[PDB]
Structure formats: C-alpha cells, structure tokens
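**Q** what's the 3D shape of this:
(chains A, B, C and D, ligands or ions: 4)
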4 protein chains.
Amino acid sequence: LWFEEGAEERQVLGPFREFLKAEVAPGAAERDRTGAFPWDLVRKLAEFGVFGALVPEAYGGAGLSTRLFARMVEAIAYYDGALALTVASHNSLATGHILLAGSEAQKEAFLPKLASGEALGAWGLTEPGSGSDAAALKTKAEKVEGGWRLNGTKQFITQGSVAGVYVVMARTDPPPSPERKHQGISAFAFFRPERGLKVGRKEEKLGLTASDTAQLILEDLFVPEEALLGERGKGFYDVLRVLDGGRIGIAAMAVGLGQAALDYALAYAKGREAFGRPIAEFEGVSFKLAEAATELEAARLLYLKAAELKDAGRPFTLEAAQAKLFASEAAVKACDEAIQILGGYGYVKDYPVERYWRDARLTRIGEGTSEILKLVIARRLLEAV
Amino acid sequence: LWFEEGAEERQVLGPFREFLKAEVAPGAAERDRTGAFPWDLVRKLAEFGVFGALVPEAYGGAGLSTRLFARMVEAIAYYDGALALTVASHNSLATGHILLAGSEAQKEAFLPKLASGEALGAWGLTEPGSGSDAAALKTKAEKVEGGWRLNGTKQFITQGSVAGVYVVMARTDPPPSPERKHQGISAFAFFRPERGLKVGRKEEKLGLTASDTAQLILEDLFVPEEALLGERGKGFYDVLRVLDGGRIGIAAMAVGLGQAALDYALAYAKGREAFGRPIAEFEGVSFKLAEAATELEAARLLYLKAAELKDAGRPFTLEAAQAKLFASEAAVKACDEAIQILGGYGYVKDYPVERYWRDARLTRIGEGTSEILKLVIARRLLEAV
Amino acid sequence: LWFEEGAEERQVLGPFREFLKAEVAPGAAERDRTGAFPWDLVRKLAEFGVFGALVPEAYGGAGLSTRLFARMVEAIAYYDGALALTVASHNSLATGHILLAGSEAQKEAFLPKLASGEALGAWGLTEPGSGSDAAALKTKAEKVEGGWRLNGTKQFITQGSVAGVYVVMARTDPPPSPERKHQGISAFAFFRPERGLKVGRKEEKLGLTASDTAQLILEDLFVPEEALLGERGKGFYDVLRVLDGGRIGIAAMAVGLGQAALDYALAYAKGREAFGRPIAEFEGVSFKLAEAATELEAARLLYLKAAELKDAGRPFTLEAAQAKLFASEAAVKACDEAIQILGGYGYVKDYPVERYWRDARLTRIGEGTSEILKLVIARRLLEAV
Amino acid sequence: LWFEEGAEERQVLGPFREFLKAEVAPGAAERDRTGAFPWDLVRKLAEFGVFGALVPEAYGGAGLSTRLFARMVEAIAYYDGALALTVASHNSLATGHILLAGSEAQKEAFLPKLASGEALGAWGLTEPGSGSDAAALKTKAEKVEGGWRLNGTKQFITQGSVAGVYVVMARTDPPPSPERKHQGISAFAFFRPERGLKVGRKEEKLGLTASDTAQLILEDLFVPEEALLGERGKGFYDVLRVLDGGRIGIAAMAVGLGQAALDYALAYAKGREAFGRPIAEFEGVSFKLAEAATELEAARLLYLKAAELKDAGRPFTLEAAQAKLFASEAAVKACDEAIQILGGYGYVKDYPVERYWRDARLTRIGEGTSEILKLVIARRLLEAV
Ligand SMILES: [Cl-]
Ligand SMILES: [Cl-]
Ligand SMILES: [Cl-]
Ligand SMILES: [Cl-]
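**A** Residues are numbered from 1 along each chain as shown, chains lettered A, B, ... in the order given. Ligands and ions are numbered 1, 2, ... in the order given. Sharing the structure here:
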C-alpha cells in the first residue's frame, strides 16, 4: 500500500534504524547538553548515502527517492533532532541547489564530495536584516576581473562552521521595482576559502544544541567566474525551488520528533498510575494521545504526498508548504502534550520530552515560518481560482 | 498517483460531477428550507449505481472500491449534505450490514432492491436512552413460533420513514455480565411491515433538512425466521464492523462540505474588497484559507487510507476513526471560518455557507461522536504499545 | 464586591429576571421559528426602562450605569438572543448616538420617545459595498434649501423595518486623501418619513430570527436642517465612539447566550447517563464544562471593566474591543460544546442549544468582526508603546 | 477603579518595580544559566516584606492583602520567574500552612523568621509516586515518645535544599476507604533537623533554573510534639485550602511571565521590519499581539477576583482554580507566540523570550495540573445546581 513502507524501503530503513538506535540514540541527551558537533556520526551516517541521498549514483550520491530520503530524516529525527537538521539541510539546501542549478562542471566539482560527507554544505540566504523577506538580501556580488567580490553577512546558517562547501546568495543587479526584489539576485557556490570569510561565534540555541549554526561575515571575498550558480540575477527563483524541497525534509523532521514524544507519553501513561488506575484510563490523557496520533498520521501522509509529487516531476510548492506547516505545528503540540502527560517529570532534563519540544520548536520557524507558509499556500490557492 | 483520482475513478467521477452540478446543485438551498425528500434525485443518483456502490454486481450492485464510493460521497456532499448523508447511510449501515453478515439467501432477498435504490435502507441502532453506549439497547426481540416479536423504540434513524428495508438491533439474550452488554444482541433485516412499525414525526433538525430522520416505534412487530441477521446474540460485533465502514463514508461527507465552504470563501475573498483591496490579501483571511485547505487535504488523505485498508481486508478500526474524527473537526471549523470570511453575508440564508456549517455539524456527532472516536483511537493505540 | 451585583443592581435585576423567566422564556423557541417581532415583550421590557437604560432620567430615561445596562442585556440574552440584540442595538446605536452628539434640542425631540419604547431606533452605517470599512460609505447627503437630500442603501439594519426613529450616516463632504475617508462623513437623525425610505424584505438569517433586520433604500429622502447630528463631516468620529459603547453591549449579549448554553449542558450532563454513569463523570465532558465556565467568567469581568471605564469617562476603545472579542469567541465556543455534549439531541430543534449557537454566532460579526477588533486592539497597543 | 492599582497598592508597587528593574532584571539571564540561588535578592526582597506578605504585622509580617501580594508576584515574575516561584511558594505554601493551621505557639515560633526571610520555607507534599493524587502519600509519621518519627520521600520540593523551616505531610492514621485517602493525613512543621533529613540530588529543570528544587529523603526523622500542624489526621483538608491560596500566587506568576513576553514582542514588532515594513503591520503579527493581550488582561482579572474572595473570607476554590488554569494556559501561549514573532532570534538564548516560555511552562503543572484544575472546577459547577 502506498502510504506504507514498500519492501524496498523496509530494506533500507530496517538496517538504518538499527544503526540509529545503537549509535545515535545513546548519546542524544548528552549531545543536547554538550552541543559538540558529532563529526563521527556524520561520517558514520554518510556511509548509508545519507549525505547524498538525492544525488544521482553517478555523482557518488545514493540516488534515492525524495520519498525515501524523507522517511530516513523522520527516522533520524526520532532519535536526534540536531542530526536530523544537519542531514536535512545539507542535502536539501547546499547540495540540492548545486544539483539543481549546477552545470555539469559545477556538479562534478562539488556533488561527489558533498554526497560523500567529507565536505559539509552551508546555504547562505538568511541575513541579520531579513529573516523572512529573503529576496531583500543586502550581501553583494560585484563583478571583478577573474570572478566576483562578495561582500556581506549571513545569519543562522546551518553548518556555518564545519562547512567545506558554501552556497551564498547575493544581489548582482537592480530589482528594479522595489517590490520584486527577487530579480537581480545570484547564487555562488565554492569551497571554504582562506580569506574573506569569517565564521561568527557559535550561537546558543533553545534546542538542537549539537547542530552547527553560525554567522558568516564576508569581507571582500573573491570567487572564481565558475562560482555563479544558474543565470546571473535569476538565482532567487532557484532558491524557491530549493526551499520547496527543503520544506519536505523539515516536515519529516517534525514528524519524527512528534512521533518520539507521542510514543514516550504512550508508554509512560500506560505504566504511570494515579487514583487507583493508569493515568491513561483518564480521558484527559487518552484524548491527548488520540489527537496527537491522528495529527501525526496526517502530517506523515502530507509529506509523503509532497515527496511523491516532487519525484513525479509535478508541482509541489503548495503541497510541500502544506506538509511543513502541518507537521511542524502538529509535532510541537504533540511534544507539548507529552510534557504535560509526564507532569512534573516532563519538566526535568532526566527525561527526553522537554528536549523533544525544544528540538521540534524550530520546525515552525526554519525554512519559512508557519506564517510565511500560510501566505505561500494562500497565494497558490488564490492564483488557482 | 495513489492520492489522486485514477483512470477508472475519473471515468466514473467525471460524468458523476457533471450530473451533480446540473441536477443536484440548483435545488440544495430550497431543499434545506422545505425539507422535501428528493425522491427524484434518489432515483437519478441510483442510475450511477451509487445506492449500491459497494454491493457486488452479482447482487445488482456497482461493485466499486470503498475508495471510489467515498470519493462519490464527497462529491455529493460538496453540493448537498442531506443527499450525501442519505447515500452514505443507506450504503454503509442497512445495506452494508446485510452485505456483511447476510446469508446468500438474505443477500439475494434484500440487496437487489437496496442496490437499485428501489428500496431505501434504514438502520435502527440508537435509542432514546442510548447512543454512544449502544450496547445498552433496550429494544427487545422475543423468539416466537415462526420467527420473532420486536418491541422497543429507535431514535434518529436515517430513512426511518421512507425506507423499504429495515435493519434493527435488539436484545435477544442477557449479557449476562452487566460489564459486557455487547454480548447478547441480535440484528434483524425485514421489509417495511404493514403492521407493527410506527413512525414518529420527522424531527426538526439544525441542518440536513431534506434528510429523512425519524423515531421508530416497534410494537410487537412480527418478523420471520429469515430475518435474523448474523449469529443470534452476536449482532454487536457486526455493528462495530459496520460502523468502521460507515465512518469512512462520514469522513468523506465532511470533506465534501468543508471543501465546498472553503472554495466558496476563496471565490468571495478574491472578489470582495475592503479598504481598497481584495479582502483575500489580508493575512487575517489568507491564514484562515491556508489552514482550512491544509487540514482538508490531510482529511482526504486519511479517509482514502482507511478505504484502502478496508479493501485490502486488513484492520482499519483505528484508521477509520482517525479519518472520521479529523475530517469532521476540520470540516466544521473550515465551514465556521467561511461564515466568518463572508462576514454579515455569512449570517444570511441567501448564501450557502451558513448551510454548509449546519450540515457538517452533524458529522462530529453521527456514527460515533468525536469523543467516542478518541477513546476508540486511544484504546487501539494502547493495545499495541 | 466589585465583580458581584451591587445593592442597586440586585434591586433591579432581581425582579427583572423573574419577569424574563415567566414572560420571555416560554416563547423564545417559537419566536425563533416564526420570526414574529415581539411587540408585547418590547412594551413590557420598556416598563423596566430597558429601552432607555443609559438615557438620563431628565430625558425620560432610566439613568442606569453602563455596568447595569450590560448586566440586563446579559440577562435578556440568557433567554432570548433576538430580544437582547433588539435592546442592545436600540440603546447603543440609534439612542446612544443621539444622546452622544445631539444638541439639547435634538435630545428633547428624540430621546423621550426612544427611551420609553414608543419609538424604536434604527442605526444605518453598514452598506452592501462596505461593512468593516465603514468609512467607505456610498450613501450621500446633499445640502439643500431647508435641509438635506439622502440617497443610498443601508445593509442589515437592526429595527430597520420597525423603527420610528432613524440615524443614518452619509457622505456630505469629499475626503482629502483616498485614506482619510473617515473625514467628510455626517450623521442624520429623523423620524420615519412618509416618503424617501423604502424597507427591503425581512432577510432570512441563521439565527436571531425574531430580530428585525432589513435593508434600507433612501431615495431623495428629505430631512429638515435639524436632522444633522454632530458636526458636518465629523460624524465618523462619533460613530467610532458609539461603536465602543455598542461592543460592551454585544459582549454582554454573548456572555448571556454562552452562559445559557453552559447551564443547559451542565444540567444535562448531570442527568444523562451513559456506560453506567452520568455523562458528567467523563473528563471528555467535564473538561468542556470547566473551560467554558472559566472563559465565560473571564468574558464577564472584561465587559464589566470596559463599562466601568466608560462610566468614568475614561478611554475604553481598547477595553471594549477586548471584551467583545473575547466574549463572542468564548460564548460561541461554549455553545458549540453544549451542542456536542447533548450529542444527537443537540442537533434537533426540540432542545435550545442549537438556537443558542445560531444566535451567538452573530456576536463575532456584528459591531465589528473579531478580525477588525484584533486590529483595533493591536493598534492601540502599538501606540502606547 | 477596582481592577486598577489603588492608592495604597501604588505606594508599594511604584518603588518595588524600580527595585526590580535595577536589581533583579540585570541578572535574570545569567541566573537561568548558572542556577545559582540569589541570596542577595532574597534579602533585598525581604526588606519589602515580600517573604511575609500575608503574615500579620503582629507576627512580624507585612500584613498586606492577597491582591497586593499577587500583584507583587506578577511584578517579580515579569523579570525573573525563578524568583517569583521562590516568593510565591515560600509565602503560599510553607508560611501559609502555618499561618492557617498553626496554634499561637507555633505561629510565634515560625512566622517571625519566615516573614523576615531569615528562614525560607519548604512544603513537602508531592512524592515520587503520588503527585496528582496527593492523598496517596506514602511518607509515614509514627507516634513515638514525646514526638513523631517520619519516614518517606518528597519530590520537587521548592526551597527544599535551602529551607530553614519545613512542613511535611505524612499519613498517621489508615483511611477507611482507599477512595477517600484524604482522611488520615497530618502535617508537621519543624526547623532544619540535625539528622533524619537528607537533601535530594539536584535534577536539572526545563526552566526556572535558579529556583531551589529538591527531593527530600526522610530517614527516621524525629519531630517534637509541637511539630503536629493542625488536627491529627485532618491535615489534607488544610492542604486543600493552602493550595487554593497557592494557585492565586501561581496565576499571578503566569501573568507576569506572559506580560513580559508580550511586551517584548510588542517592542520588537514596532521596530523590526519585513518586506519593507514593520512586521507588526502584518495581521499575522498584530493578531497574535491582540489575542495574547486580551487573554492576559482576562487572566489578571480572574486572579484579582479570587484574591478578593479569599480576602473577604468567602469561598474561592473554584475561582482560584479558574484563575490559575486560565493564566497558566494563556501565559504559556503568549510566550510561545513571542518566540514565533521573534522568529530565528526567538530560538537563540541571547534573547529572553525562550526563557520566558521555559519558566512559564511550569505554571500549567505545579500546584495542580490544568487537567486536575478542570476536574476541580467541574466538580464545583456540578455540585452547584
Ligand atoms: Cl485528484
Ligand atoms: Cl453575582
Ligand atoms: Cl493598573
Ligand atoms: Cl494592602
């Protein structure tokens, strides 16, 4: 059945899950406390193709279906949000943009390593002054003999550090209309330079501790002519496509986190007793479980659908935005109800439910805030009829 | 393509919807205020075999999948909630119960007429004293020479006054334990008796006005031996199975109504302007549209999944409950938002959104209230911990 | 205590409530179905001075505080939403506007009749082409010799067909910029004219059936020079003030309806039995009752506060908007839950909960939609800081 | 006006707020990271009579009204949630219980030090096994020669490790029916003992880092005859009253935290812009601001109401529970929306909104979970009429 794991998926997810429980799960709590970038697990995960999941085998990638890649992200997120974000962003953003707008030359130069894991990718779109209106990037890319002169600063760029390959957006030409500033922007891919690129101090986050998020400062950074990704002044349109893909991944990440929280509360409730009976026998508890279960089930069907469309070469901007919005909002709520079901213990770090919420909370913000996705969704509904 | 309409589905739905737009849509508003049972449309719908949708062609049915049946219910609901309910209940309860537990002789005796729509089916389970706790039925059936004697009252029976075939659940033997009243109940299928069955006045309802609803008073009704449907005292297990199938139909009915409300508000939002601009541009309206569209898509995926599981012969109690719960809640909220988007006009009957809400409101109550469904969902979740 | 009914309030409300239970309550169900305007009740209510609640006794009014008037509206709404709306609108809009901006000559000419209930007042602001954007009126007032000429259409006017006194807002002077349209609007108060005013047919509404609502068509209507209410072109500033007073009344109306719904559901749950126990013992029901009671208590405190501010001649735009927004949303939700608690019975008109919801649904739309109020609130909040 | 700060209240709050801004606010973020108990602030706060707020001047207290104390708790929670919990618990629980059930000897013995802050109080009710169903305590008190011997474990006890005075609930007599264990419990008040009391082992919390929270291990702890607080075996009844008072404190704590988050998002929104315009100009943002403001105003009115009923010596179990439930749920919601409004910066610890949520999250659990409170409210509503 379509909504279930096919025999081909059950053969890739089966062994991937064992690995997750044995090498990722045990150190999840500690990593949330330490915040130490898990280089080991990254190289260890790359083995399953995880870091080149969507890259064609020809380029070294594992050439998997966007559908399969999503289920793996869910699986990773079920045990470690931080890792899930690293994996999802690396593939969806940095790698995805290169594979999407890269020439055969650019692809050959980056994809093999990215898909390998020996080089992590950073996607610089978000800046300090434009957390939502992306097209309003102030980072510049002035034409210079030999290449370009990138001048600007990126903010909250996943893999800001630890990044071997970078993809940065920058305006190279006028909008011209202040409105449509989406035109005039260009994308530039390149390897970690040795001058002109400063990596700000590590940002302390509410959760996803171990994930790498840094500020990027570009002081007169030169990039070869071979850096421009896509058509000059048309990179933002490739950006939107990349995000659509990214959103599918984030949705799966959300579901993973929400499912973990739910499974935990389910088990807890069945055991924990109050007033002479399992707290689960109380509707106040059962209703929360039922609601969460139902919504996460719907969240999953939504990203599976979005992934199915993407693989079919059909439009999915609306469907990816719908999946991300729903999974994110539903997961965070399920996580919050888990905290409530655990009661006083839900408030203590000894248990995972508080981390689940902290990790999942970012899914309603990253790669398009829920508010942003609703406008995206509404615009599509309206332009349709 | 799983989530989209297939070639065989489209072959049926394409012409079916054309018929709905031309023959059903014109008079839905009028039927809502007069409550006049559309015998005309019943016969016309019956030409598409929709009154015996899940019945095998061998028995005069259309032999459709539960997936296609559900999509057709959704299509009808989009234009007329009362008709959708008429179709969904006739098929799922009375007809479905006979198809499920009926011997080959009973199926040959009842299905042909039920399937052709020549005789509508009424399913009498609910009583003035028990709805959610159906197992607490008070109606009784005494084994008499030549058959049985029925005595009791049924409440809120769809098609109660217009049906040619009746399926009634009644107590035949003690629990014997008060904790398990479910055991000891039996079902009886019989044609409209000339004596012994008194129909109460058509009750005034909040919505679904043209849907036939009535109280049934059984006074020493005599039914022959061939009336016993399923094992004596085992009727409740068939009831539960019938309800699982019925909930899929109700979920699709809700999606239909919610989709209609949303599409209406969209059209309105795109045209009606306030403060010098289409009200749709205001995030207050856009957010409502986005949220509703997103939940309805999820709702449809949920019932499709449940239908798929039922057709595969696999368990779907949990999945049918989840579909019905989510669909009804989502649909009702979308209808309430449509009323809000239309503002003052949403409060007047010259427009359909106030009717969409009144019609859909029943979906959160019939065939298992949302509260009942959450318990069903929670219990299933707890048994597979 | 402040939040409780004081000595003078109780001396008024004690006998008022006894009157409502015996004279208003018996026929509320019938009025909802027939829509017949209750002239007998209007007259009886008027003997309590309720039709001139806030009008100074010097002008034939009752001279009550806004706090007491609000409690009275709540009391009426508990038994008949239609009547509560009639009382609230008559007092807050037409009467309130004349009381607020009228010269002593106009007050003496109109208030005595309005305050005794001899003449009901209609306030025409909303139009077919504009509701929330009231300043975008199309109705026009032409300065003529001896008075003015009115031409335009008014939509959904309370008491529009039964009013003996009208207050109509019409454009008299062109606004400067296409933004500050709120300037250049004027108000006119006059008795029902023999010619010039055509009342459209009573509109069919979702609820508040017996409430008089009509469209007004003004064709070359001549009003004497004394009809001008307030400074020419400055009428919209009085409108905004009048609306602030109106929202307090509507908030109280909502509390009344929601409280009636909750009280009924409470009574039912205590008596209705399921699974061997009163439905109230199930947290699925108890939670609904608790949340509703809590929000209604909060809603009441909110309108009481705004009324106190108004009585103190203190600014209350923000506070009245908060009360109306919270009360309407809370009351509507409590009514929806009361329907759910009654299950199948909640869907039939033999019981009042379906009427409570239909009646209360208007409170989230009239006098400014919840969306409009949130903007009003957001803006006030942003100014102070 | 009632709902506003009166002359006597403003005399205290004006200087108190100046103190909070200057002394408490600057170190809040750091304390959330270190968890270091702020002894200097405790001492400075005590100078305001804050640690003996409800204690009569006769016993060395400040002798303030419950509403003034509540407003002071809200004011503190506005800048430091941990400190608010410290003040609220010390006053409401340990001190409140002694003031309530203590004899003149006991009050004279404990209140002076508690009220001056020279001795902080710990209240031991909750245990690793019984939280919600508190009457199911396992700690035991055995009557010995000239006193009692206590044995048990208390968990999540505020001020548990820094307290100078302890109040512990322990069963001294068997209950007649397990369904009513509320009978047979006793309370014991004593100073920090030399032996018999072992401090738990600091468990890390989601928020309120610097608030002292610890497990208490009682090993054959001896307490004199004069340790028994209240009547033997009737302690739980005083416990229920203590909680009613405590809930008012917690409600105010929630409001303070929510207001802080709202004000922050309010200030941010006004400056920060998106798409070439302040994000507050977007209804997505403005709607959030309006909803939270309205609910917080409602929450504040509810706790002021409960506070006055208690001060008036009237019933307030229902009202304190309503206030605590509403405020806690509303505050946590406002804090989550604040995080959302800040977007990416809402997820970084450099800004306070994430801490506001973490601190506020406990108010929905402590001193009776929202679920427990709803049952309390429902029981009262039902026992009513
Ligand atoms: Cl399709
Ligand atoms: Cl009162
Ligand atoms: Cl104040
Ligand atoms: Cl005081």
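**Q** What residues does the stretch 151-300 of chain A have near chain D?
**A** With Cβ under 8 Å from any Cβ of the partner chain as the criterion, the stretch 151-300 of chain A meets chain D at residues A:155-156, A:178, A:203-207, A:274-276, A:279, A:282, A:284-285. Yep, even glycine has a C-beta here, placed from its N, CA and C like the rest.
**Q** Now the two most distant members of these.
**A** The most widely separated members of those are A:178 and A:276, with 67.6 Å between them, by Cβ to Cβ.
**Q** What number of residues are in the vicinity of the residue in the stretch 51-200 of chain A that chain C sits nearest to?
**A** Using Cβ to the nearest Cβ, residue A:132 is the residue of the stretch 51-200 of chain A that sits closest to chain C, at 18.5 Å. By the criterion of other Cβ atoms under 10 Å in any protein chain shown, residue A:132 has 18 neighbours.
**Q** Check the one 3 residues further on too.
**A** Other residues near residue A:135 number 20, with proximity taken as other Cβ under 10 Å.
**Q** I'd assumed it was in a helix, is it?
**A** Yes. Assigned with DSSP: H, G, I helix; E, B strand; the rest coil, residue A:135 falls within a helix.
**Q** thinking it is in contact with residue A:237, fair?
**A** No. Counting by Cβ atoms under 8 Å, residue A:135 does not reach residue A:237; the two are 10.2 Å apart.
**Q** what is in contact with those two at once?
**A** Contact criterion Cβ atoms under 8 Å, 6 or more residues apart in numbering or on different chains; residues shared by residue A:135 and residue A:237: residue A:182.
**Q** Would you mark the buried spots in the longest helix along chain A?
**A** Criterion DSSP state H: the longest helix present in chain A is helix A:235-271. For helix A:235-271, burial by neighbour count (16 or more other Cβ atoms under 10 Å in any protein chain shown) applies to A:235-236, A:238-239, A:241-262, A:264-266, A:268-270.
**Q** same question, stretch A:274-290
**A** Those would be A:274-275, A:278-290, for stretch A:274-290 by 16+ other Cβ under 10 Å.
**Q** do the same with stretch A:87-104
**A** For stretch A:87-104, the neighbour count (16+ other Cβ under 10 Å) marks A:87-102 as buried.
**Q** cool, and stretch A:335-353?
**A** In stretch A:335-353, counting by 16+ other Cβ under 10 Å, buried: A:335-348, A:351-353.
**Q** same deal with stretch A:118-128?
**A** In stretch A:118-128, counting by 16+ other Cβ under 10 Å, buried: A:119-127.
**Q** circling back: anything in the longest helix of chain A near chain B?
**A** Yes. Residues of helix A:235-271 contacting chain B under Cβ under 8 Å from any Cβ: A:266-267, A:270.
**Q** Would you mind giving those residues as a markdown table with distance to residue B:27 added?
**A** As requested, the residues of helix A:235-271 next to chain B are arranged in a markdown table below (distance: Cβ to Cβ, whole Å):
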| residue | distance to residue B:27 |
| --- | --- |
| A:266 | 49 |
| A:267 | 54 |
| A:270 | 53 |
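**Q** Nearest to residue B:63 among the residues you listed?
**A** Using Cβ to Cβ, the residues of helix A:235-271 next to chain B come closest to residue B:63 at residue A:266, 39.7 Å.
**Q** quick one: contacts for the residue in the stretch 151-300 of chain A that ligand 2 sits nearest to?
**A** Nearest residue of the stretch 151-300 of chain A to ligand 2 (Cβ to the ion) works out as residue A:284 at 29.8 Å. When the contact criterion is Cβ under 8 Å, 6+ apart, the partners of residue A:284 are C:283, C:287, D:371, D:374-375.
**Q** please redo it, this time with the cut-off set to 6 Å
**A** Going by Cβ atoms under 6 Å, 6 or more residues apart in numbering or on different chains, residue A:284 touches C:283, D:371.
**Q** check which helix or strand covers it.
**A** helix A:283-311 (DSSP states H and E).
**Q** and the angle from that helix to helix A:235-271?
**A** Angle, helix A:283-311 to helix A:235-271, by axes from the mean of the first three to the mean of the last three Cα atoms, to 10 degrees: 150 degrees.
**Q** Would you check how far apart residue A:227 and residue C:122 are?
**A** Using Cβ to Cβ, to the nearest Å, residue A:227 is found at 71 Å from residue C:122.
**Q** Same question for residue A:284.
**A** From residue A:284 across to residue C:122, the span is 49 Å (Cβ to Cβ).
**Q** do the same with residue A:180
**A** From residue A:180 to residue C:122 the distance is 49 Å (Cβ to Cβ).
**Q** Grab the nearest non-local neighbour of residue A:352.
**A** Leaving aside its chain neighbours, residue A:352 sits nearest to residue A:264 (6.3 Å; criterion: Cβ to Cβ, 6 or more residues apart in numbering or on different chains).
**Q** actually residue A:354, sorry about that
**A** Here the residue nearest residue A:354, using Cβ to Cβ, 6+ apart, is residue D:206, at 4.4 Å.
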